[PDB]
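A.B. asks: What follows is coords.cif, mmCIF, C-alpha atoms.
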```
data_work
loop_
_atom_site.label_atom_id
_atom_site.label_comp_id
_atom_site.auth_asym_id
_atom_site.auth_seq_id
_atom_site.Cartn_x
_atom_site.Cartn_y
_atom_site.Cartn_z
CA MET A 1 104.02 75.11 111.75
CA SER A 2 101.29 75.48 109.15
CA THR A 3 101.30 78.52 106.89
CA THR A 4 98.14 79.80 108.61
CA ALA A 5 98.23 82.88 106.41
CA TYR A 6 94.62 83.58 105.52
CA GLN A 7 93.92 85.84 102.55
CA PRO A 8 90.69 87.82 103.07
CA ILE A 9 92.05 90.66 100.94
CA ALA A 10 93.89 90.33 97.62
CA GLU A 11 96.45 93.14 97.47
CA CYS A 12 96.82 93.21 101.23
CA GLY A 13 97.65 89.51 101.15
CA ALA A 14 98.29 87.32 104.15
CA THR A 15 96.68 87.72 107.54
CA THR A 16 98.06 85.74 110.48
CA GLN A 17 94.75 86.00 112.34
CA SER A 18 92.28 83.13 112.46
CA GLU A 19 89.48 85.70 112.45
CA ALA A 20 90.24 86.33 108.77
CA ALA A 21 89.15 82.81 107.85
CA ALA A 22 85.55 83.87 108.46
CA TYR A 23 85.70 87.21 106.65
CA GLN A 24 87.65 86.30 103.52
CA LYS A 25 86.24 87.39 100.17
CA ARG A 26 87.17 88.43 96.64
CA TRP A 27 88.54 91.65 98.06
CA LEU A 28 90.84 93.77 95.89
CA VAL A 29 91.74 97.18 94.49
CA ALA A 30 90.51 98.56 91.18
CA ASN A 31 92.00 101.38 89.10
CA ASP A 32 90.49 104.40 87.31
CA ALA A 33 90.24 102.29 84.13
CA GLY A 34 87.44 100.36 85.85
CA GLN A 35 89.73 97.35 85.87
CA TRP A 36 90.92 95.24 88.80
CA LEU A 37 94.39 95.95 90.13
CA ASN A 38 96.72 93.08 91.04
CA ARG A 39 100.05 92.35 92.71
CA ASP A 40 101.26 91.10 89.33
CA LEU A 41 100.38 94.54 88.01
CA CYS A 42 101.43 96.63 91.00
CA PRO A 43 103.54 94.73 93.60
CA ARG A 44 103.54 97.77 95.92
CA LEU A 45 100.08 96.81 97.18
CA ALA A 46 101.34 93.45 98.41
CA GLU A 47 103.01 95.39 101.23
CA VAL A 48 99.85 95.91 103.30
CA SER A 49 99.64 94.92 106.97
CA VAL A 50 96.21 93.42 107.64
CA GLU A 51 94.27 93.42 110.89
CA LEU A 52 90.73 92.22 111.53
CA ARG A 53 88.45 93.19 114.37
CA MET A 54 84.88 92.20 115.22
CA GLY A 55 83.18 94.25 112.55
CA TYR A 56 86.10 96.22 111.14
CA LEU A 57 88.89 95.55 108.69
CA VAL A 58 91.86 97.52 109.96
CA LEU A 59 94.49 98.06 107.30
CA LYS A 60 97.89 99.54 108.13
CA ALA A 61 100.51 100.58 105.58
CA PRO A 62 104.30 100.99 105.93
CA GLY A 63 104.10 104.70 105.25
CA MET A 64 100.34 105.23 105.45
CA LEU A 65 98.20 105.24 108.57
CA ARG A 66 95.44 102.81 109.55
CA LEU A 67 92.28 102.25 107.56
CA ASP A 68 89.35 100.56 109.27
CA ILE A 69 86.61 99.53 106.86
CA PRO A 70 83.35 97.76 107.83
CA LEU A 71 83.92 94.07 107.01
CA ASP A 72 80.41 93.04 106.04
CA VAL A 73 78.51 94.66 108.88
CA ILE A 74 76.37 96.64 106.48
CA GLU A 75 72.94 95.41 105.57
CA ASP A 76 71.32 98.62 104.40
CA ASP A 77 70.99 100.35 101.01
CA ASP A 78 73.98 102.64 101.58
CA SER A 79 76.10 99.72 100.42
CA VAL A 80 77.71 101.35 97.40
CA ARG A 81 77.25 98.91 94.54
CA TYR A 82 79.68 100.22 91.97
CA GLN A 83 79.36 99.24 88.32
CA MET A 84 82.84 98.02 87.46
CA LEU A 85 84.18 96.92 84.10
CA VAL A 86 86.85 94.29 84.35
CA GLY A 87 88.01 94.11 80.76
CA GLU A 88 84.55 94.00 79.24
CA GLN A 89 82.75 92.25 82.09
CA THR A 90 80.26 94.48 83.88
CA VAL A 91 80.08 93.39 87.51
CA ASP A 92 78.74 94.73 90.81
CA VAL A 93 81.48 95.55 93.29
CA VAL A 94 81.03 97.23 96.66
CA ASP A 95 82.99 100.41 97.28
CA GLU A 96 84.81 100.57 100.61
CA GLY A 97 84.58 104.35 100.53
CA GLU A 98 86.56 107.42 99.47
CA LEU A 99 88.68 106.81 102.57
CA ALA A 100 89.89 103.52 101.09
CA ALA A 101 90.40 105.14 97.70
CA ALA A 102 92.65 107.91 98.98
CA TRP A 103 94.48 105.59 101.38
CA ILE A 104 95.64 103.31 98.58
CA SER A 105 95.97 106.14 96.05
CA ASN A 106 98.81 107.12 98.35
CA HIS A 107 100.32 103.65 98.99
CA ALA A 108 99.57 102.28 95.52
CA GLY A 109 100.22 105.74 94.14
CA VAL A 110 97.75 105.66 91.27
CA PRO A 111 94.03 106.65 91.30
CA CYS A 112 92.56 103.42 92.65
CA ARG A 113 90.04 102.33 95.25
CA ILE A 114 89.66 99.20 97.36
CA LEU A 115 86.53 97.30 96.37
CA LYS A 116 84.79 94.26 97.81
CA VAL A 117 83.13 92.03 95.21
CA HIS A 118 79.62 91.04 96.25
CA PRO A 119 78.79 87.27 96.36
CA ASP A 120 75.71 87.77 94.15
CA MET A 121 77.88 88.19 91.08
CA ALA A 122 80.62 86.34 92.96
CA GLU A 123 82.92 85.33 90.12
CA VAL A 124 84.67 87.74 87.77
CA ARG A 125 87.85 85.74 87.04
CA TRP A 126 89.80 88.77 85.71
CA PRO A 127 90.65 89.04 81.94
CA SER A 128 92.73 86.06 80.79
CA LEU A 129 93.92 88.46 78.07
CA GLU A 130 91.26 86.74 76.00
#
```
Can you turn what I pasted into structure tokens?

C.D. replies:
Amino acid sequence: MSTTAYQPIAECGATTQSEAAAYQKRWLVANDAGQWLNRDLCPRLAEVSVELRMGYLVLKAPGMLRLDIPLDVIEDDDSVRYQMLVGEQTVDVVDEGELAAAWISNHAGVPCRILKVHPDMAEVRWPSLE
């Protein structure tokens, strides 16, 4: 069988649903420092169980409950464009909400929030320690 593990979300990782292949993005968690958080940095986040529904991203954690975040079904101005600072790169990321922050601040443990990078900026690359 093929791997068939689609990665819409970074930390969360693999999703065995074909629906994820249409909702994938540069999704990830970012920490209080304004910097992106990674599995290489905190492997605990790699232990997220991902589910996708028509309109909602339903996260489930081994220890934490479910977290359903609107995939990209927002088209208004309430889309929280957060000014993030990945190293020294100022980029627009969309905040998934305080609910996502607290949810992972429990599973990840540190003050972080799940953020969805918007395709206008698109690329951020993450600091190559350069």

A.B. asks: Quote the spacing between atom CA of residue A:103 and atom CA of residue A:18 in Å to one decimal place.

C.D. replies: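 Those two atoms sit 25.1 Å apart.
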
A.B. asks: Using only C-alpha atoms, find each residue of stretch 95-126 of chain A with at least one atom at most 10 Å away from an atom of stretch 29-33 of chain A; report its shortest atom-to-atom pair and that distance in Å (one decimal), sort the rows by chain and rising residue number, and return the result as JSON lines.

C.D. replies:
```
{"residue": "A:95", "atom": "CA", "partner": "A:29", "partner_atom": "CA", "distance": 9.7}
{"residue": "A:96", "atom": "CA", "partner": "A:29", "partner_atom": "CA", "distance": 9.8}
{"residue": "A:100", "atom": "CA", "partner": "A:29", "partner_atom": "CA", "distance": 9.3}
{"residue": "A:101", "atom": "CA", "partner": "A:29", "partner_atom": "CA", "distance": 8.7}
{"residue": "A:104", "atom": "CA", "partner": "A:29", "partner_atom": "CA", "distance": 8.3}
{"residue": "A:105", "atom": "CA", "partner": "A:31", "partner_atom": "CA", "distance": 9.3}
{"residue": "A:108", "atom": "CA", "partner": "A:29", "partner_atom": "CA", "distance": 9.4}
{"residue": "A:110", "atom": "CA", "partner": "A:31", "partner_atom": "CA", "distance": 7.5}
{"residue": "A:111", "atom": "CA", "partner": "A:32", "partner_atom": "CA", "distance": 5.8}
{"residue": "A:112", "atom": "CA", "partner": "A:31", "partner_atom": "CA", "distance": 4.1}
{"residue": "A:113", "atom": "CA", "partner": "A:29", "partner_atom": "CA", "distance": 5.5}
{"residue": "A:114", "atom": "CA", "partner": "A:29", "partner_atom": "CA", "distance": 4.1}
{"residue": "A:115", "atom": "CA", "partner": "A:29", "partner_atom": "CA", "distance": 5.5}
{"residue": "A:116", "atom": "CA", "partner": "A:29", "partner_atom": "CA", "distance": 8.2}
```

A.B. asks: Which polymer residues have any atom within 10 Å of an atom of stretch 34-39 of chain A, counting all atoms listed in the file, with same-chain residues fewer than 6 positions away left out, as a list in words?

C.D. replies: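 Selected residues are residues 10, 11, 12, 13, 28, 45, 46, 47, 82, 83, 84, 85, 86, 87, 88, 89, 90, 108, 112, 113, 114, 115, 124, 126 and 127 of chain A.
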
A.B. asks: Which value, in Å to one decimal, gives the distance between atom CA of residue A:14 and atom CA of residue A:50?

C.D. replies: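 Going from atom CA of residue A:14 over to atom CA of residue A:50 covers 7.3 Å.
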
A.B. asks: Quick one: residues within 12 Å of residue A:8, only C-alpha atoms counted, chain neighbours fewer than 5 positions away excluded, as an MDAnalysis selection string?

C.D. replies: chainID A and resid 13:28 50:52 57:59 71:72 116:117

A.B. asks: Put the listed atoms of stretch 20-28 of chain A in a box along x, y and z with 6 Å added on every side and give me the centre and edge lengths in Å to one decimal, as AutoDock Vina command-line options.

C.D. replies:
```
--center_x 88.2 --center_y 88.3 --center_z 102.3 --size_x 17.3 --size_y 23.0 --size_z 24.9
```

A.B. asks: Name the closest residue to residue A:120 among the candidates A:94, A:41, A:99, A:74; distances are taken between atoms, counting all atoms listed in the file.

C.D. replies: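 Of A:94, A:41, A:99, A:74, the one nearest residue A:120 is A:94, counting all atoms listed in the file.
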
A.B. asks: Using the chain letters and numbering of this document, enumerate as a VMD selection string the residues selected by the PyMOL selection byres ((chain A and resi 61) around 8).

C.D. replies: chain A and resid 47 to 49 59 to 60 62 to 66 107

A.B. asks: Between atom CA of residue A:92 and atom CA of residue A:80, what is the distance in Å, rounded to a tenth?

C.D. replies: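 Between these atoms lies a distance of 9.4 Å.
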
A.B. asks: Using all atoms listed in the file, which of the listed residues (A:109, A:123, A:93, A:7) sits closest to residue A:43?

C.D. replies: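 Of all the options, A:109 lies closest to residue A:43.
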
A.B. asks: Smallest atom-to-atom distance to residue A:122: which of A:75, A:2, A:91, A:40, using all atoms listed in the file?

C.D. replies: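 So, comparing all the options, the nearest one is A:91.
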
A.B. asks: Please extract stretch 84-96 of chain A and write it out with N, CA, C and O atoms, as a PDB file, in the first residue's frame.

C.D. replies:
```pdb
ATOM      1  N   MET A  84       3.853  37.609  13.334  1.00  0.00           N
ATOM      2  CA  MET A  84       4.787  36.685  13.951  1.00  0.00           C
ATOM      3  C   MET A  84       6.209  37.024  13.540  1.00  0.00           C
ATOM      4  O   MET A  84       6.428  37.678  12.517  1.00  0.00           O
ATOM      5  N   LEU A  85       7.177  36.569  14.324  1.00  0.00           N
ATOM      6  CA  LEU A  85       8.559  36.910  14.084  1.00  0.00           C
ATOM      7  C   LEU A  85       9.415  35.659  14.159  1.00  0.00           C
ATOM      8  O   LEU A  85       9.933  35.293  15.215  1.00  0.00           O
ATOM      9  N   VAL A  86       9.531  34.995  13.035  1.00  0.00           N
ATOM     10  CA  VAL A  86      10.278  33.756  12.960  1.00  0.00           C
ATOM     11  C   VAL A  86      11.755  34.066  12.780  1.00  0.00           C
ATOM     12  O   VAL A  86      12.220  34.285  11.663  1.00  0.00           O
ATOM     13  N   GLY A  87      12.477  34.127  13.890  1.00  0.00           N
ATOM     14  CA  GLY A  87      13.858  34.553  13.856  1.00  0.00           C
ATOM     15  C   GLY A  87      13.948  36.062  13.799  1.00  0.00           C
ATOM     16  O   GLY A  87      13.993  36.728  14.829  1.00  0.00           O
ATOM     17  N   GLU A  88      13.954  36.597  12.590  1.00  0.00           N
ATOM     18  CA  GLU A  88      13.861  38.034  12.390  1.00  0.00           C
ATOM     19  C   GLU A  88      12.937  38.344  11.219  1.00  0.00           C
ATOM     20  O   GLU A  88      12.854  39.485  10.759  1.00  0.00           O
ATOM     21  N   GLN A  89      12.211  37.327  10.767  1.00  0.00           N
ATOM     22  CA  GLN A  89      11.325  37.475   9.629  1.00  0.00           C
ATOM     23  C   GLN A  89       9.898  37.740  10.094  1.00  0.00           C
ATOM     24  O   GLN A  89       9.257  36.879  10.701  1.00  0.00           O
ATOM     25  N   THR A  90       9.418  38.942   9.813  1.00  0.00           N
ATOM     26  CA  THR A  90       8.070  39.342  10.183  1.00  0.00           C
ATOM     27  C   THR A  90       7.072  38.850   9.140  1.00  0.00           C
ATOM     28  O   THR A  90       7.109  39.278   7.984  1.00  0.00           O
ATOM     29  N   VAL A  91       6.197  37.942   9.546  1.00  0.00           N
ATOM     30  CA  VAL A  91       5.265  37.314   8.620  1.00  0.00           C
ATOM     31  C   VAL A  91       3.856  37.224   9.200  1.00  0.00           C
ATOM     32  O   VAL A  91       3.676  37.077  10.410  1.00  0.00           O
ATOM     33  N   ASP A  92       2.870  37.325   8.319  1.00  0.00           N
ATOM     34  CA  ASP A  92       1.465  37.209   8.697  1.00  0.00           C
ATOM     35  C   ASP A  92       1.054  35.751   8.853  1.00  0.00           C
ATOM     36  O   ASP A  92       1.093  34.977   7.893  1.00  0.00           O
ATOM     37  N   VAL A  93       0.668  35.379  10.059  1.00  0.00           N
ATOM     38  CA  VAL A  93       0.119  34.057  10.310  1.00  0.00           C
ATOM     39  C   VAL A  93      -1.293  34.199  10.865  1.00  0.00           C
ATOM     40  O   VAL A  93      -1.598  35.183  11.526  1.00  0.00           O
ATOM     41  N   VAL A  94      -2.158  33.247  10.581  1.00  0.00           N
ATOM     42  CA  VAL A  94      -3.520  33.310  11.090  1.00  0.00           C
ATOM     43  C   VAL A  94      -3.640  32.515  12.382  1.00  0.00           C
ATOM     44  O   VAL A  94      -3.200  31.368  12.457  1.00  0.00           O
ATOM     45  N   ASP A  95      -4.212  33.143  13.400  1.00  0.00           N
ATOM     46  CA  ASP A  95      -4.387  32.501  14.694  1.00  0.00           C
ATOM     47  C   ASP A  95      -5.635  31.632  14.687  1.00  0.00           C
ATOM     48  O   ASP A  95      -6.699  32.064  14.241  1.00  0.00           O
ATOM     49  N   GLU A  96      -5.493  30.406  15.171  1.00  0.00           N
ATOM     50  CA  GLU A  96      -6.592  29.452  15.177  1.00  0.00           C
ATOM     51  C   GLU A  96      -7.503  29.683  16.382  1.00  0.00           C
ATOM     52  O   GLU A  96      -8.556  29.053  16.516  1.00  0.00           O
TER      53      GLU A  96
END
```
